[PDB]
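Both blocks below hold the same protein chain, though in two forms, and each is given as structure tokens: structure 1 and structure 2.
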Structure 1
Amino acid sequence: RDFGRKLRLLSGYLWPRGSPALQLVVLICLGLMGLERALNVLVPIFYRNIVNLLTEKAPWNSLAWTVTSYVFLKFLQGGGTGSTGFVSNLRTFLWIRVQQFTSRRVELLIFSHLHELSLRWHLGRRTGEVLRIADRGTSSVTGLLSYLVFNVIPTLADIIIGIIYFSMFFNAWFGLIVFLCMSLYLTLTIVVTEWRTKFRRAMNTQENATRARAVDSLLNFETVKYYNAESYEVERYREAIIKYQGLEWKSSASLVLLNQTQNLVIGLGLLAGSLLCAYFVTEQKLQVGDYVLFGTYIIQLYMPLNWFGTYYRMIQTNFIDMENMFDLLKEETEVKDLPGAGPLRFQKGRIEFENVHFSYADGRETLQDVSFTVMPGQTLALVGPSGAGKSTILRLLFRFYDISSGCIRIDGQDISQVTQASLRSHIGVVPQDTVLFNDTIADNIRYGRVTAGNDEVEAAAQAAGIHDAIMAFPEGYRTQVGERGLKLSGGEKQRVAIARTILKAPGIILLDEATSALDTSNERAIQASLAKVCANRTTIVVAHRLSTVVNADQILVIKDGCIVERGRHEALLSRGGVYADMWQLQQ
């Protein structure tokens, strides 16, 4: 039933293909499992020997030695519920290390491969669902291995070994009795389990619904604002509670029924076995100790079978979760890749366009036959209505999609024939809302270059005029910054964005202006700093204000993928066309 490939993948993930100091640990763990399985069978034999020696008035010495050996063996073996003895504890003590190793490896792998994807897929689904999928996937990879290997194979092996022992060394009917009892136990526990899976899921769905209902009567506090509607909400909560309680009652009972069907089957068992053994004993066919041996063996072999239910249920789920996570990882639809080879030669920073058409969505087209060429060092600007074309062309400048038709070349070299690393390193981008994550300002600034020391940080503090503002803070570089720490203003995060821009030392500045209201002096200082970092550097600015455009060397207007102005600035001044639009935009 397609289990072959599944088990092959599980085996692949089991063996630590890496460090050679862990295969020895795995071998030791398997040997310990084998020793535990042997002890589990050979303890009752010593119990029977003790009883037999006691019933024939043996001398004290042999009795003492045998009882000491039996007690030591019981201590080594699981002295109850399987998972108590010394052997199982050592097995856990090594498997924790091996499990941590494998979980770390798989988690790093999935994290890196998920981070390697493109943007469209990352906007396709929300982050919470995918993070939950990943966490459940790694938890399943560990737990399914643990559950199967160390709780479902040992139990079946114990069952088979006990059947063989009873059929060979004890009699010919006890084997049949045990086999029938265990077969009935297994099949009944399996079915009952499916019926219960049904009535249960329905309980989890109802619980999720009744929990979601509760939130929207505490997060939507308009009840009193509208009317005296406390009674209505109370009644609705009562009805939801009633439904959930009914489903819960049905579930819990299924469990009581699985539990008792089991406690019966094992019992019809004991009876049959105990009655037959007693009858065989009373006619000198067996010994006294055989009775206690059979009782102890049946009890001890039934002991780890009490959870087969939970185990079926889970070994299933975790398989579904593994399917989901492997489907996530196996996806190869990440079409933003690179050619076979070819670095980038950033000679001077030439940018050219040749009738490029692109539409980020489907159905209709937004950008078509856009063509313009910018001399290096000139601060070209883009203006237009409230549209998404500006952001689109911003992204195609940054190799964030794949152009459907056209060509984008830089310095006489196509950007589609080079790796993303150099092209993205040479360009610094300032977004509208520069949001930062939870860390100190020191690593925030060093985020520009990992190998750059604090010398570049001091240089940036001197250059960007942030030294006085930074040292004004009494907490120093170890200040708690972010949503966890203190809040900052928009101007401050723009300033730190310029700081990391100077850290980058880029070749092109594809900056986007923020729309924050501020005094003209601070904005002019910011623009002066931007000019002094983009001096003798290509610059593209997107804004709705003419202050940055009046001194700009070239201005373009985009109207649904159309450009109607070109040439030098004096030509546009002499046009006298939408210059009315510029006049009415100036005020």
Structure 2
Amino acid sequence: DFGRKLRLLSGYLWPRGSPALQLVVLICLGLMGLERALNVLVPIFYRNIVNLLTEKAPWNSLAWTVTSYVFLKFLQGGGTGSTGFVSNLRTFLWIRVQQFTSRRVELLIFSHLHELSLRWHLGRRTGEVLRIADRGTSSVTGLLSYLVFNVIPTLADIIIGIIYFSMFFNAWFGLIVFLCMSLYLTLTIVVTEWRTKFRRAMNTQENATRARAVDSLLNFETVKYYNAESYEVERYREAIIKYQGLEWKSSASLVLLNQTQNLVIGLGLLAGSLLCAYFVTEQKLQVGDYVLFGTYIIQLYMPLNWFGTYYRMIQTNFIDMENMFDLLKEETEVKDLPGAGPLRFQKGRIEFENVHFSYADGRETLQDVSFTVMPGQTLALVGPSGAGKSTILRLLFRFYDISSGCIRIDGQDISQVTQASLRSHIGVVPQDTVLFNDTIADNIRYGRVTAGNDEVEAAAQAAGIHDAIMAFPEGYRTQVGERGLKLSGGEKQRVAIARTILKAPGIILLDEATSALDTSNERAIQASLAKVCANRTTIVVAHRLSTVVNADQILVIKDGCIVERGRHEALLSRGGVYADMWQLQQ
């Protein structure tokens, strides 16, 4: 698992497109190498300074060596390595590089999320699916940073120090450093797993307590069904105590981890210092070697202080990146595109042949359904409240797929046509239109982006909404939606009419809204529909009399099956739609 995940990380490391960023990557790697070299060099110069000082050297050489050592200590981090001029140049350049990868990953995720089929988006919520994506991009960035620039450099420092001590200092100090660092790493990992178990146990109860508090605040019914303020306080207190117990366990585990790491490094330092002092007394080592060993041990210790955290974060980011990859691979485009060739929209003839469709498991909704609309002619659909009418509207728009049957537009099966042209050629008015947070002019032009402002104004005039736009103070810069002011029913229905005018479609998949409003504005809206649906193939879905009376072919659906066919007056005489119209609306 480690090998494959490292392979994916390495694949994401190199910027594929720009050449100006690979140079920056190489410079950053070179700076990392230079930091390792400085890590080795500085204690050596400290030893040289002490050795020169102990033998009464003249002022000139001492001054120049002191200046050089101070300069090296400035280049290296004055503390914890995250401080020097080097590695800060590195943070700068890696800012510039990591920005590119973050943008690319975010755009790839956002461009994949917009092509999955509808059933996928009706299934899962939006908050969870966006949390996974955000956490995935943060995971890839943090994994690259953490590993490459904080974990491998330290494991290289340990090995380099082992080599230097074992070859250029003595033989036993190699054993000392090796044993100390091995024990440190082993104990850190072993304690860290245990502490992770405790941390998860605490986090669950924290979330539960927050939920309880939110629930007690939202329902101000505590006053009604009792004087139960005290009870809601007491349950909150009990939950708080439970959470506090778990938190105490977790943080005591943290303190234990810190103490064991400190004890290991202290034992190593004690052994090394005692051996070095004994050797110095026996004229085998010089006075500077003592401070060399002390400084180098502290220098090794400082990065090691943050390895439990790195272990935790590496594991978490690995599982997160696996989640993000497994939704990137989820190629559920079930209503995909086999073949190509744009639909030839001559006039707008729609056909049906005993189509079979079933999206709800077990039961089947649409069976043996076939009808036809002449170009320009208007068809209506009436029946009991359910899904069949909206379902067939969705089927015509190529959202789901037909299990068995045939469905054509102008003698052309839409199963073999590209989705883009199909969806471009067909207009529609939904149940309730939604205006995203932007200006009114932008919402109008959203029907066709390339169009200019004059078309926007002309269509707003054509839809009878332009005066109400002038009623707003700012006008065409007015903030709309949740951020801006709220809109009444006629306003949003008219803006939908405006944008569907902009789109200039051939078929209007009208779906009349059931929103309650004054009859005058309602009849104005229906008139606007009448002059926008003129000379265009139309399919109307409504529970009202207005669509029924003037339509050309009324259809009735019972459990997703055609029971009555024909015209308004024949259905009236049959004793069918007559009873439904008299009972439903009266």
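Structure 1's sequence is the ruler for residue numbers, which start at 1. Whichever C-alpha set is largest while still superposing within 1.5 Å between the two forms counts as the rigid core.
- The residue among 145, 470, 266, 133 whose Cα moves by 2 angstroms or more between the two structures, once the core is superposed, is 470.
- When two forms of a protein are overlaid on their rigid core, residues whose CA moves 2 Å or more are considered shifted, and residue 18 is not one of them between the two structures.
- Comparing the forms between the two structures on their rigid core, the Cα displacement of residue 84 stays under 2 Å.
- Shown in the overlay between the two structures, fitted on the rigid core, is a CA shift at residue 522 of 2 Å or greater.
- Note on residue 564: its Cα is shifted 2.8 Å between the two structures, core used for superposition.
- Superposed on the core, the two forms differ at residue 392, whose C-alpha moves 0.4 Å between the two structures.
- On the core-superposed pair, the CA position of residue 577 changes by 5.0 Å between the two structures.
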